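**Q** Structure: upload_27.txt, compact mmCIF, C-alpha atoms.
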# COMPACT_ATOMS: atom_id res chain seq x y z
CA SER G 1 -150.63 -181.18 6.23
CA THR G 2 -152.15 -181.22 9.70
CA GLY G 3 -155.55 -180.86 11.34
CA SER G 4 -156.69 -179.92 14.83
CA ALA G 5 -160.24 -180.13 16.17
CA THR G 6 -161.78 -179.67 19.59
CA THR G 7 -163.74 -182.60 21.02
CA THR G 8 -166.49 -181.89 23.54
CA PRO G 9 -168.26 -184.15 26.08
CA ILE G 10 -171.87 -184.83 25.16
CA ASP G 11 -173.09 -184.58 28.77
CA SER G 12 -171.97 -183.91 32.34
CA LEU G 13 -170.65 -187.47 32.75
CA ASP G 14 -168.34 -187.56 29.70
CA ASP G 15 -170.43 -190.43 28.31
CA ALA G 16 -168.92 -189.72 24.88
CA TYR G 17 -167.21 -186.91 22.99
CA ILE G 18 -168.27 -185.20 19.76
CA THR G 19 -166.02 -183.51 17.21
CA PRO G 20 -167.30 -181.30 14.37
CA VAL G 21 -166.66 -182.68 10.88
CA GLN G 22 -167.27 -180.92 7.56
CA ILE G 23 -168.80 -183.16 4.86
CA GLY G 24 -169.55 -182.16 1.29
CA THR G 25 -169.70 -178.99 -0.77
CA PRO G 26 -170.92 -176.62 0.55
CA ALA G 27 -169.86 -178.02 3.90
CA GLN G 28 -172.41 -179.79 6.07
CA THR G 29 -171.08 -179.87 9.63
CA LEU G 30 -171.99 -182.95 11.69
CA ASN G 31 -170.83 -183.76 15.22
CA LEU G 32 -169.25 -187.20 15.10
CA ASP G 33 -168.03 -189.62 17.76
CA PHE G 34 -164.37 -190.32 16.95
CA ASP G 35 -163.95 -194.03 17.66
CA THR G 36 -160.51 -195.67 17.73
CA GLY G 37 -162.34 -198.98 18.25
CA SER G 38 -164.07 -199.11 14.85
CA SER G 39 -163.33 -198.28 11.23
CA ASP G 40 -166.51 -196.90 9.62
CA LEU G 41 -167.36 -193.23 9.08
CA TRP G 42 -171.16 -193.28 9.13
CA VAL G 43 -173.73 -190.51 9.49
CA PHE G 44 -177.37 -189.83 10.07
CA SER G 45 -178.68 -188.76 6.69
CA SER G 46 -181.60 -187.81 4.50
CA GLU G 47 -181.87 -191.57 3.88
CA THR G 48 -182.29 -192.52 7.56
CA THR G 49 -185.73 -193.92 8.39
CA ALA G 50 -187.60 -190.85 9.60
CA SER G 51 -188.91 -192.42 12.83
CA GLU G 52 -185.29 -193.24 13.78
CA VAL G 53 -184.13 -189.59 13.63
CA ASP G 54 -184.78 -187.54 16.78
CA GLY G 55 -182.81 -184.30 16.83
CA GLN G 56 -179.61 -185.30 15.01
CA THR G 57 -178.14 -183.24 12.23
CA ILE G 58 -178.32 -185.14 8.94
CA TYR G 59 -176.06 -185.33 5.90
CA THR G 60 -178.00 -184.77 2.67
CA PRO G 61 -175.85 -186.04 -0.22
CA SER G 62 -178.15 -184.57 -2.88
CA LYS G 63 -177.16 -181.10 -1.62
CA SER G 64 -173.41 -181.78 -1.98
CA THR G 65 -171.93 -181.11 -5.40
CA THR G 66 -168.98 -183.40 -4.59
CA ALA G 67 -171.02 -186.39 -3.35
CA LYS G 68 -171.05 -189.50 -5.53
CA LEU G 69 -172.95 -192.71 -4.84
CA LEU G 70 -170.52 -195.61 -4.41
CA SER G 71 -172.52 -197.92 -6.62
CA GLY G 72 -173.51 -201.23 -5.07
CA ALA G 73 -171.80 -200.57 -1.76
CA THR G 74 -173.57 -201.29 1.53
CA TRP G 75 -172.49 -201.38 5.15
CA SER G 76 -173.75 -202.86 8.40
CA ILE G 77 -172.10 -202.65 11.80
CA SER G 78 -172.78 -203.93 15.30
CA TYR G 79 -170.97 -202.49 18.31
CA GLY G 80 -169.94 -204.01 21.62
CA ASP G 81 -172.77 -202.23 23.44
CA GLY G 82 -175.36 -203.98 21.26
CA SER G 83 -176.13 -200.97 19.06
CA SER G 84 -176.07 -201.15 15.27
CA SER G 85 -176.57 -199.23 12.03
CA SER G 86 -176.55 -199.91 8.30
CA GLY G 87 -177.04 -198.29 4.92
CA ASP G 88 -175.40 -197.32 1.63
CA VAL G 89 -172.26 -195.36 0.76
CA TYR G 90 -171.22 -192.10 -0.88
CA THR G 91 -167.80 -190.67 -1.48
CA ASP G 92 -167.40 -187.00 -0.61
CA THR G 93 -164.96 -184.43 0.71
CA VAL G 94 -164.46 -184.65 4.46
CA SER G 95 -162.52 -182.16 6.58
CA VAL G 96 -161.53 -182.35 10.25
CA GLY G 97 -159.96 -179.34 11.90
CA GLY G 98 -158.61 -177.99 8.61
CA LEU G 99 -157.38 -181.34 7.23
CA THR G 100 -159.21 -182.35 4.05
CA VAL G 101 -159.64 -185.78 2.43
CA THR G 102 -161.27 -186.03 -0.97
CA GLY G 103 -163.05 -189.21 -1.94
CA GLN G 104 -163.69 -190.34 1.63
CA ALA G 105 -166.29 -193.08 2.03
CA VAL G 106 -169.23 -191.53 3.91
CA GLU G 107 -171.56 -194.31 5.00
CA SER G 108 -175.15 -193.04 4.97
CA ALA G 109 -177.43 -194.69 7.52
CA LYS G 110 -180.71 -196.09 6.33
CA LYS G 111 -181.32 -197.73 9.72
CA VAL G 112 -179.96 -197.07 13.21
CA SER G 113 -180.73 -198.85 16.47
CA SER G 114 -182.65 -197.25 19.30
CA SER G 115 -179.64 -196.08 21.32
CA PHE G 116 -178.46 -193.95 18.39
CA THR G 117 -181.93 -192.47 17.85
CA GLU G 118 -182.18 -191.69 21.55
CA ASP G 119 -178.90 -189.74 21.60
CA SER G 120 -179.63 -186.47 19.83
CA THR G 121 -176.05 -185.20 20.32
CA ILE G 122 -174.23 -187.78 18.14
CA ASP G 123 -174.70 -187.40 14.38
CA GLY G 124 -172.59 -190.44 13.51
CA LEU G 125 -169.22 -192.09 14.08
CA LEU G 126 -165.76 -191.53 12.62
CA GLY G 127 -163.76 -194.74 12.92
CA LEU G 128 -160.04 -194.56 13.63
CA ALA G 129 -159.16 -198.25 14.10
CA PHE G 130 -157.47 -200.14 11.26
CA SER G 131 -159.21 -200.24 7.89
CA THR G 132 -159.30 -204.05 7.96
CA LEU G 133 -162.38 -203.67 10.22
CA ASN G 134 -164.32 -201.47 7.79
CA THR G 135 -167.68 -203.07 7.01
CA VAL G 136 -168.34 -201.76 3.49
CA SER G 137 -169.18 -204.52 1.02
CA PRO G 138 -168.26 -205.65 -1.59
CA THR G 139 -165.28 -203.23 -1.62
CA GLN G 140 -163.87 -202.43 1.82
CA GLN G 141 -163.14 -198.72 2.38
CA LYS G 142 -160.38 -196.82 4.17
CA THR G 143 -160.69 -194.72 7.31
CA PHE G 144 -160.26 -190.96 7.29
CA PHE G 145 -156.84 -191.38 8.91
CA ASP G 146 -155.73 -194.02 6.39
CA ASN G 147 -156.75 -191.74 3.52
CA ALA G 148 -155.02 -188.69 5.05
CA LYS G 149 -151.88 -190.44 6.27
CA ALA G 150 -149.60 -189.94 3.28
CA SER G 151 -150.35 -186.19 3.21
CA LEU G 152 -149.74 -185.66 6.92
CA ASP G 153 -146.51 -184.12 8.19
CA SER G 154 -146.14 -187.22 10.40
CA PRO G 155 -148.35 -190.35 10.15
CA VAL G 156 -149.95 -189.90 13.56
CA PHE G 157 -153.02 -188.64 15.34
CA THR G 158 -153.38 -187.79 19.00
CA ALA G 159 -156.26 -187.94 21.46
CA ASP G 160 -156.31 -185.47 24.36
CA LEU G 161 -159.70 -186.00 25.99
CA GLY G 162 -160.82 -183.75 28.82
CA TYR G 163 -162.34 -184.61 32.17
CA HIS G 164 -165.64 -182.75 32.29
CA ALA G 165 -164.12 -180.37 29.73
CA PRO G 166 -163.30 -180.14 26.01
CA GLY G 167 -160.14 -181.65 24.57
CA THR G 168 -158.41 -182.05 21.21
CA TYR G 169 -157.86 -184.47 18.35
CA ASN G 170 -154.78 -183.57 16.30
CA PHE G 171 -153.73 -185.12 13.00
CA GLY G 172 -150.20 -185.10 11.63
CA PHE G 173 -148.28 -183.60 14.54
CA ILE G 174 -147.57 -184.00 18.25
CA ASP G 175 -148.28 -180.85 20.30
CA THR G 176 -145.35 -180.85 22.72
CA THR G 177 -147.14 -178.28 24.90
CA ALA G 178 -150.09 -180.62 25.56
CA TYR G 179 -148.42 -183.07 27.95
CA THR G 180 -145.93 -183.19 30.81
CA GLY G 181 -142.79 -185.27 30.96
CA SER G 182 -142.07 -187.65 28.10
CA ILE G 183 -144.23 -189.87 25.90
CA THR G 184 -143.71 -193.60 26.51
CA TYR G 185 -144.29 -195.68 23.39
CA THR G 186 -145.45 -199.28 23.48
CA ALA G 187 -145.98 -202.01 20.89
CA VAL G 188 -149.27 -202.51 19.06
CA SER G 189 -150.78 -205.64 17.53
CA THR G 190 -153.06 -204.99 14.57
CA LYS G 191 -154.12 -208.66 14.33
CA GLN G 192 -157.68 -207.90 15.51
CA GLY G 193 -157.84 -204.54 13.73
CA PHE G 194 -157.58 -202.55 16.97
CA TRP G 195 -154.97 -200.37 18.66
CA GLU G 196 -154.17 -203.35 20.87
CA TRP G 197 -151.34 -203.10 23.40
CA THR G 198 -150.17 -204.64 26.69
CA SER G 199 -150.21 -202.64 29.90
CA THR G 200 -147.50 -203.58 32.39
CA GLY G 201 -149.72 -203.55 35.50
CA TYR G 202 -151.76 -201.47 37.88
CA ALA G 203 -152.08 -199.92 41.31
CA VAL G 204 -155.12 -198.97 43.38
CA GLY G 205 -154.90 -195.65 45.19
CA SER G 206 -151.63 -195.34 47.09
CA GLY G 207 -151.11 -199.11 46.99
CA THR G 208 -148.14 -200.94 45.57
CA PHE G 209 -147.89 -201.48 41.84
CA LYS G 210 -148.71 -204.98 40.65
CA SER G 211 -146.62 -206.00 37.65
CA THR G 212 -148.85 -208.04 35.34
CA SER G 213 -149.47 -208.01 31.60
CA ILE G 214 -152.92 -206.71 30.60
CA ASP G 215 -153.66 -206.92 26.88
CA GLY G 216 -156.32 -204.47 25.78
CA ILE G 217 -157.38 -201.86 23.23
CA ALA G 218 -157.17 -198.08 23.25
CA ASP G 219 -160.80 -197.25 22.42
CA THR G 220 -162.00 -193.64 22.41
CA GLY G 221 -165.50 -194.87 21.51
CA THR G 222 -165.99 -196.78 24.78
CA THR G 223 -166.89 -194.71 27.84
CA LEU G 224 -165.49 -196.87 30.66
CA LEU G 225 -162.38 -198.87 31.60
CA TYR G 226 -162.99 -202.63 31.25
CA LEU G 227 -160.38 -204.85 32.91
CA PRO G 228 -160.07 -208.43 34.18
CA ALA G 229 -162.35 -209.35 37.06
CA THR G 230 -159.40 -209.81 39.44
CA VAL G 231 -158.18 -206.26 38.86
CA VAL G 232 -161.65 -204.73 39.09
CA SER G 233 -162.41 -206.60 42.33
CA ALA G 234 -159.15 -205.34 43.83
CA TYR G 235 -160.17 -201.76 42.95
CA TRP G 236 -163.71 -201.84 44.31
CA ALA G 237 -162.65 -203.65 47.48
CA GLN G 238 -161.09 -200.30 48.48
CA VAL G 239 -164.50 -198.55 48.38
CA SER G 240 -166.75 -199.15 51.38
CA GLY G 241 -170.12 -200.46 50.28
CA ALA G 242 -169.19 -201.06 46.65
CA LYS G 243 -170.62 -204.21 45.10
CA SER G 244 -171.25 -205.83 41.75
CA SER G 245 -174.95 -205.63 40.95
CA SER G 246 -176.33 -208.08 38.39
CA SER G 247 -179.54 -206.05 38.17
CA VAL G 248 -177.77 -202.78 37.39
CA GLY G 249 -175.14 -204.45 35.21
CA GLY G 250 -171.87 -203.77 37.00
CA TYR G 251 -170.15 -202.37 40.03
CA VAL G 252 -172.03 -199.69 41.95
CA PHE G 253 -170.88 -197.73 44.97
CA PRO G 254 -172.35 -195.31 47.50
CA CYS G 255 -172.55 -191.85 45.99
CA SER G 256 -171.17 -190.53 49.31
CA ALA G 257 -167.83 -192.29 48.70
CA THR G 258 -164.53 -190.69 47.82
CA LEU G 259 -163.01 -192.94 45.17
CA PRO G 260 -159.33 -193.95 45.06
CA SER G 261 -157.23 -193.35 41.99
CA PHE G 262 -156.27 -196.15 39.61
CA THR G 263 -152.82 -196.35 38.01
CA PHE G 264 -151.98 -198.31 34.87
CA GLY G 265 -148.54 -199.09 33.50
CA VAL G 266 -147.19 -198.18 30.08
CA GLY G 267 -143.78 -199.81 29.97
CA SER G 268 -141.93 -198.41 32.97
CA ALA G 269 -144.19 -195.33 33.01
CA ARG G 270 -147.40 -194.86 34.95
CA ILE G 271 -150.69 -193.10 34.12
CA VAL G 272 -152.80 -192.10 37.13
CA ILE G 273 -156.59 -191.93 36.74
CA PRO G 274 -157.94 -189.69 39.55
CA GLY G 275 -160.74 -191.18 41.59
CA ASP G 276 -163.23 -188.57 40.41
CA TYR G 277 -162.83 -189.83 36.83
CA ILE G 278 -164.30 -193.17 37.97
CA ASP G 279 -167.62 -191.69 39.19
CA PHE G 280 -170.45 -192.06 36.66
CA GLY G 281 -173.13 -190.74 38.96
CA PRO G 282 -176.46 -192.06 40.17
CA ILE G 283 -177.72 -195.24 38.53
CA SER G 284 -181.11 -193.51 38.12
CA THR G 285 -182.13 -189.96 38.86
CA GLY G 286 -182.09 -189.27 42.59
CA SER G 287 -180.51 -192.58 43.57
CA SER G 288 -177.70 -192.71 46.14
CA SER G 289 -176.16 -195.67 44.32
CA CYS G 290 -173.57 -194.52 41.80
CA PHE G 291 -172.23 -196.36 38.76
CA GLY G 292 -168.54 -197.21 38.62
CA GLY G 293 -166.20 -196.25 35.81
CA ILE G 294 -164.04 -199.37 36.12
CA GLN G 295 -165.94 -202.54 35.18
CA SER G 296 -165.16 -206.16 34.44
CA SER G 297 -164.29 -207.22 30.90
CA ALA G 298 -165.35 -210.80 31.67
CA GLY G 299 -167.73 -211.86 28.92
CA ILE G 300 -166.67 -209.05 26.58
CA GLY G 301 -163.64 -211.08 25.46
CA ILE G 302 -161.18 -208.16 25.44
CA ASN G 303 -159.96 -205.54 27.88
CA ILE G 304 -160.87 -201.99 26.88
CA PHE G 305 -158.92 -198.84 27.79
CA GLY G 306 -161.87 -196.54 27.16
CA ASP G 307 -162.34 -192.85 27.85
CA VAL G 308 -161.94 -193.21 31.65
CA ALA G 309 -158.34 -194.31 31.06
CA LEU G 310 -157.51 -192.33 27.95
CA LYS G 311 -158.68 -188.98 29.34
CA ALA G 312 -155.98 -189.24 32.02
CA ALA G 313 -153.31 -189.18 29.29
CA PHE G 314 -152.11 -187.57 26.10
CA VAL G 315 -152.31 -190.50 23.66
CA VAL G 316 -150.38 -190.87 20.39
CA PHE G 317 -151.80 -193.21 17.75
CA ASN G 318 -148.67 -193.74 15.65
CA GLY G 319 -149.60 -195.04 12.20
CA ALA G 320 -146.07 -195.57 10.95
CA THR G 321 -145.33 -198.74 8.98
CA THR G 322 -145.13 -200.56 12.32
CA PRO G 323 -147.81 -198.82 14.42
CA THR G 324 -147.24 -198.03 18.07
CA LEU G 325 -149.06 -196.22 20.88
CA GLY G 326 -147.65 -193.44 23.04
CA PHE G 327 -148.88 -192.28 26.44
CA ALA G 328 -147.89 -189.20 28.43
CA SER G 329 -149.21 -187.66 31.60
CA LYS G 330 -150.73 -184.20 31.26
Hey, can you dump this file as structure tokens for me?
**A**
Amino acid sequence: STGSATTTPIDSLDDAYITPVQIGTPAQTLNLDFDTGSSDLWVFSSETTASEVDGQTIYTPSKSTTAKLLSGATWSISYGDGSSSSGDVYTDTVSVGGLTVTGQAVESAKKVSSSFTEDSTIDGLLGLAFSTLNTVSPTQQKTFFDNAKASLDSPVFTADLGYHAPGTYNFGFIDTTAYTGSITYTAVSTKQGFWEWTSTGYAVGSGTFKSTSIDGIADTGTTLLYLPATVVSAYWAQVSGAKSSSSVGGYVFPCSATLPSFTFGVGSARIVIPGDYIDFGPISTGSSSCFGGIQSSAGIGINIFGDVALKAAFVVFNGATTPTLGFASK
């Protein structure tokens, strides 16, 4: 089997991407944030505290003839941005782009933190990291991909995120028309439960490539590119007037600037992030200070190849017995 679904930016900045997901019988379609940095499929629901729902579409398990309470199971997750959610668990039929999993754990939120409430466009998350990170207790549950894997034509999924445009998540096949050149594959460590890999270096604009190992995670659920402070300083030094602002919480730059590209290495291959991809717009409405899309990972404890980086590539999440990652230009 295969599946193919379009993923759409939630706003004009590509702050996140939503993908429609069918849950239950008859189908209830929710727009979920596919997150290769976590491993829980959780949704706003009829159980979510009413004051914490503000425009999201909710899953109502009592209206699904295939929903079953997973007795005794609870979940609770905290994300790197400080947001969180928790609740109980049903199993139900879940379909993505024509690919169907029966008995998928659907984690129903009883509580969500303010940032989830405040984002009316995201109805929940669909985790695509390794199932060892799933938070369900006392019986850990599998991700959608883990449950589908054996049925897929090939044990892979691909992320093809757009810049200011829709893109595609495919399951079970590699669309050879969706990228240019060849796909370069690179080793993955699953020791932390992430799609963790080592970039071979970087370049800023037209500058020379610096060969240096950068361990980080391919994380579709993180908006920006978080890299070591040395690398990030080297990038922003090429932008007149750019500075790190403690009060804003990262590097800012004059909105009048033209930003240089940023290249990262994948083995001997190179992925070029155009400068425009690194502009996240005014820090507040009407400001001429703009927020940068490359930020320091110092204090986060891990480097994160988030959407800024991934959207410049066609990315293969290869879930073979020994997982690997593939990157192609597009």
**Q** With distances taken over all atoms listed in the file, which of G:257, G:178, G:122, G:73 is nearest to residue G:30?
**A**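 Using all atoms listed in the file, residue G:30 sits closest to G:122.
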**Q** Quick one: contact table of stretch 105-142 of chain G to stretch 37-55 of chain G, 6 Å max, nearest atom pair and distance in Å to one decimal per residue, counting only C-alpha atoms, chain and number order, as CSV?
**A**
residue,atom,partner,partner_atom,distance
G:106,CA,G:41,CA,5.8
G:107,CA,G:42,CA,4.3
G:108,CA,G:43,CA,5.4
G:109,CA,G:48,CA,5.3
G:110,CA,G:48,CA,4.1
G:111,CA,G:48,CA,5.7
G:117,CA,G:52,CA,5.3
G:120,CA,G:55,CA,4.9
G:123,CA,G:44,CA,5.6
G:124,CA,G:43,CA,4.2
G:125,CA,G:42,CA,5.4
G:126,CA,G:41,CA,4.2
G:127,CA,G:39,CA,3.9
G:128,CA,G:39,CA,5.5
G:129,CA,G:38,CA,5.0
G:131,CA,G:39,CA,5.7
G:133,CA,G:39,CA,5.6
G:134,CA,G:39,CA,4.8
**Q** Distance atom CA of residue G:232-atom CA of residue G:200, one decimal place?
**A**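 Computing the Euclidean distance for atom CA of residue G:232 and atom CA of residue G:200 yields 15.7 Å.
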**Q** Give me, as an MDAnalysis selection string, all polymer residues having an atom no more than 10 Å from stretch 297-299 of chain G, counting all atoms listed in the file and skipping those fewer than 6 positions away in the same chain.
**A** chainID G and resid 216 225:230 232
**Q** Save out the residues we just selected, C-alpha atoms, as a tab-separated table (two decimals), in the coordinates of the input.
**A**
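The file below, selection09.tsv, is the result:
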chain	number	residue	atom	x	y	z
G	216	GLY	CA	-156.32	-204.47	25.78
G	225	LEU	CA	-162.38	-198.87	31.60
G	226	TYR	CA	-162.99	-202.63	31.25
G	227	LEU	CA	-160.38	-204.85	32.91
G	228	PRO	CA	-160.07	-208.43	34.18
G	229	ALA	CA	-162.35	-209.35	37.06
G	230	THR	CA	-159.40	-209.81	39.44
G	232	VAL	CA	-161.65	-204.73	39.09
**Q** Between atom CA of residue G:58 and atom CA of residue G:158, what distance in Å does the model show, to one decimal?
**A**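 Atom CA of residue G:158 lies at a distance of 27.0 Å from atom CA of residue G:58.
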**Q** In terms of the shortest atom-to-atom distance over all atoms listed in the file, which of G:181, G:167, G:162, G:260 is closest to residue G:206?
**A**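 Nearest to residue G:206: G:260.
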**Q** Do you have the atom CA of residue G:239-atom CA of residue G:14 distance handy?
**A**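 Rounded to one decimal, the two atoms are 22.0 Å apart.
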**Q** Enumerate, in order of chain and increasing residue number, the residues of stretch 108-167 of chain G with an atom no farther than 8 Å from stretch 314-318 of chain G, each with its shortest atom pair and distance in Å to one decimal, counting only C-alpha atoms, as JSON lines.
**A**
{"residue": "G:155", "atom": "CA", "partner": "G:318", "partner_atom": "CA", "distance": 6.5}
{"residue": "G:156", "atom": "CA", "partner": "G:318", "partner_atom": "CA", "distance": 4.6}
{"residue": "G:157", "atom": "CA", "partner": "G:317", "partner_atom": "CA", "distance": 5.3}
{"residue": "G:158", "atom": "CA", "partner": "G:316", "partner_atom": "CA", "distance": 4.5}
{"residue": "G:159", "atom": "CA", "partner": "G:315", "partner_atom": "CA", "distance": 5.2}
{"residue": "G:160", "atom": "CA", "partner": "G:314", "partner_atom": "CA", "distance": 5.0}
{"residue": "G:161", "atom": "CA", "partner": "G:314", "partner_atom": "CA", "distance": 7.8}
**Q** Please identify all polymer residues within 7 Å of residue G:214, counting all atoms listed in the file, omitting same-chain residues fewer than 3 positions from it, and present them as a list in words.
**A**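 The residues satisfying every condition are residues 198, 199, 200 and 201 of chain G.
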**Q** For the residues selected in the previous step, produce a file with C-alpha atoms as a PDB file, in the frame of the given file.
**A**
ATOM      1  CA  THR G 198    -150.170-204.640  26.690  1.00  0.00           C
ATOM      2  CA  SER G 199    -150.210-202.640  29.900  1.00  0.00           C
ATOM      3  CA  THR G 200    -147.500-203.580  32.390  1.00  0.00           C
ATOM      4  CA  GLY G 201    -149.720-203.550  35.500  1.00  0.00           C
TER       5      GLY G 201
END
**Q** Neighbours of residue G:70 within 12 Å (all atoms listed in the file; same-chain residues fewer than 2 positions away dropped), as a PyMOL selection string?
**A** chain G and resi 61+67-68+72-75+87-92+103-108+136-141
**Q** Just C-alpha atoms for this one: save the residues we selected as a PDB file, in the coordinates of the input.
**A**
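The result, stored in again-v4.pdb:
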ATOM      1  CA  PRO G  61    -175.850-186.040  -0.220  1.00  0.00           C
ATOM      2  CA  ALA G  67    -171.020-186.390  -3.350  1.00  0.00           C
ATOM      3  CA  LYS G  68    -171.050-189.500  -5.530  1.00  0.00           C
ATOM      4  CA  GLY G  72    -173.510-201.230  -5.070  1.00  0.00           C
ATOM      5  CA  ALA G  73    -171.800-200.570  -1.760  1.00  0.00           C
ATOM      6  CA  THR G  74    -173.570-201.290   1.530  1.00  0.00           C
ATOM      7  CA  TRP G  75    -172.490-201.380   5.150  1.00  0.00           C
ATOM      8  CA  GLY G  87    -177.040-198.290   4.920  1.00  0.00           C
ATOM      9  CA  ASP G  88    -175.400-197.320   1.630  1.00  0.00           C
ATOM     10  CA  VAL G  89    -172.260-195.360   0.760  1.00  0.00           C
ATOM     11  CA  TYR G  90    -171.220-192.100  -0.880  1.00  0.00           C
ATOM     12  CA  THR G  91    -167.800-190.670  -1.480  1.00  0.00           C
ATOM     13  CA  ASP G  92    -167.400-187.000  -0.610  1.00  0.00           C
ATOM     14  CA  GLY G 103    -163.050-189.210  -1.940  1.00  0.00           C
ATOM     15  CA  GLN G 104    -163.690-190.340   1.630  1.00  0.00           C
ATOM     16  CA  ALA G 105    -166.290-193.080   2.030  1.00  0.00           C
ATOM     17  CA  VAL G 106    -169.230-191.530   3.910  1.00  0.00           C
ATOM     18  CA  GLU G 107    -171.560-194.310   5.000  1.00  0.00           C
ATOM     19  CA  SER G 108    -175.150-193.040   4.970  1.00  0.00           C
ATOM     20  CA  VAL G 136    -168.340-201.760   3.490  1.00  0.00           C
ATOM     21  CA  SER G 137    -169.180-204.520   1.020  1.00  0.00           C
ATOM     22  CA  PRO G 138    -168.260-205.650  -1.590  1.00  0.00           C
ATOM     23  CA  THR G 139    -165.280-203.230  -1.620  1.00  0.00           C
ATOM     24  CA  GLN G 140    -163.870-202.430   1.820  1.00  0.00           C
ATOM     25  CA  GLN G 141    -163.140-198.720   2.380  1.00  0.00           C
TER      26      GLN G 141
END
**Q** When distances are computed from all atoms listed in the file, which of G:94, G:329, G:284, G:71 shows the smallest separation from residue G:177?
**A**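 Residue with the minimum atom-to-atom distance to residue G:177: G:329.
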**Q** Can you pull out every residue within 12 Å of residue G:209, counting all atoms listed in the file, but drop anything in the same chain fewer than 3 positions away, and send it as a list in words?
**A** residues 200, 201, 202, 203, 204, 205, 206, 212, 231, 262, 263, 264, 265, 268, 269, 270, 271 and 272 of chain G
**Q** Suppose we keep C-alpha atoms; can you now write the selection as an mmCIF file, in the frame of the given file?
**A**
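What landed in selection_26.cif:
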data_model
loop_
_atom_site.group_PDB
_atom_site.id
_atom_site.type_symbol
_atom_site.label_atom_id
_atom_site.label_comp_id
_atom_site.auth_asym_id
_atom_site.auth_seq_id
_atom_site.Cartn_x
_atom_site.Cartn_y
_atom_site.Cartn_z
ATOM 1 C CA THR G 200 -147.500 -203.580 32.390
ATOM 2 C CA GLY G 201 -149.720 -203.550 35.500
ATOM 3 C CA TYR G 202 -151.760 -201.470 37.880
ATOM 4 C CA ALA G 203 -152.080 -199.920 41.310
ATOM 5 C CA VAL G 204 -155.120 -198.970 43.380
ATOM 6 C CA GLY G 205 -154.900 -195.650 45.190
ATOM 7 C CA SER G 206 -151.630 -195.340 47.090
ATOM 8 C CA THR G 212 -148.850 -208.040 35.340
ATOM 9 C CA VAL G 231 -158.180 -206.260 38.860
ATOM 10 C CA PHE G 262 -156.270 -196.150 39.610
ATOM 11 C CA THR G 263 -152.820 -196.350 38.010
ATOM 12 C CA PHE G 264 -151.980 -198.310 34.870
ATOM 13 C CA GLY G 265 -148.540 -199.090 33.500
ATOM 14 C CA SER G 268 -141.930 -198.410 32.970
ATOM 15 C CA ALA G 269 -144.190 -195.330 33.010
ATOM 16 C CA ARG G 270 -147.400 -194.860 34.950
ATOM 17 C CA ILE G 271 -150.690 -193.100 34.120
ATOM 18 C CA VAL G 272 -152.800 -192.100 37.130
#
**Q** Quick one: residues within 10 Å of residue G:15, all atoms listed in the file, excluding same-chain residues fewer than 5 positions away - as a list in words?
**A** residues 9, 10, 164, 221, 222, 223, 224, 280, 307 and 308 of chain G
**Q** To test the calculation: enclose all listed atoms of stretch 121-137 of chain G in a box whose edges run along x, y and z, add 4 Å on each side, then state centre and edge lengths in Å to one decimal, as JSON.
**A**
{"center_x": -166.8, "center_y": -194.9, "center_z": 10.7, "size_x": 26.6, "size_y": 27.3, "size_z": 27.3}
**Q** From the list G:29, G:121, G:170, G:322, which residue is nearest residue G:189 when using only C-alpha atoms?
**A**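 Distance minimum relative to residue G:189 lands on G:322.
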**Q** Between G:4, G:76, G:220, G:244, which has the minimum distance to residue G:33 (counting only C-alpha atoms)?
**A**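 That would be G:220, the residue with the smallest distance to residue G:33.
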**Q** At the level of N, CA, C and O atoms, write stretch 104-110 of chain G to a file as a tab-separated table (two decimals), in the first residue's frame, please.
**A**
chain	number	residue	atom	x	y	z
G	104	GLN	N	-5.18	2.20	15.37
G	104	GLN	CA	-4.22	3.22	15.73
G	104	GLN	C	-4.59	3.88	17.06
G	104	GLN	O	-5.76	4.21	17.29
G	105	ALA	N	-3.60	4.09	17.91
G	105	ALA	CA	-3.83	4.85	19.14
G	105	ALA	C	-4.04	6.32	18.80
G	105	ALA	O	-3.16	6.97	18.23
G	106	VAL	N	-5.22	6.82	19.15
G	106	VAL	CA	-5.61	8.22	18.96
G	106	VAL	C	-5.71	8.80	20.35
G	106	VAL	O	-6.58	8.40	21.14
G	107	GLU	N	-4.81	9.71	20.67
G	107	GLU	CA	-4.69	10.24	22.02
G	107	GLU	C	-5.57	11.48	22.12
G	107	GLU	O	-5.34	12.48	21.43
G	108	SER	N	-6.61	11.40	22.94
G	108	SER	CA	-7.63	12.43	23.04
G	108	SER	C	-7.24	13.41	24.13
G	108	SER	O	-7.05	13.02	25.28
G	109	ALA	N	-7.11	14.69	23.77
G	109	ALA	CA	-6.66	15.68	24.73
G	109	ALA	C	-7.78	16.02	25.70
G	109	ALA	O	-8.90	16.37	25.30
G	110	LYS	N	-7.47	15.93	26.99
G	110	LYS	CA	-8.31	16.54	28.01
G	110	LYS	C	-7.85	17.95	28.34
G	110	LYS	O	-8.66	18.81	28.70
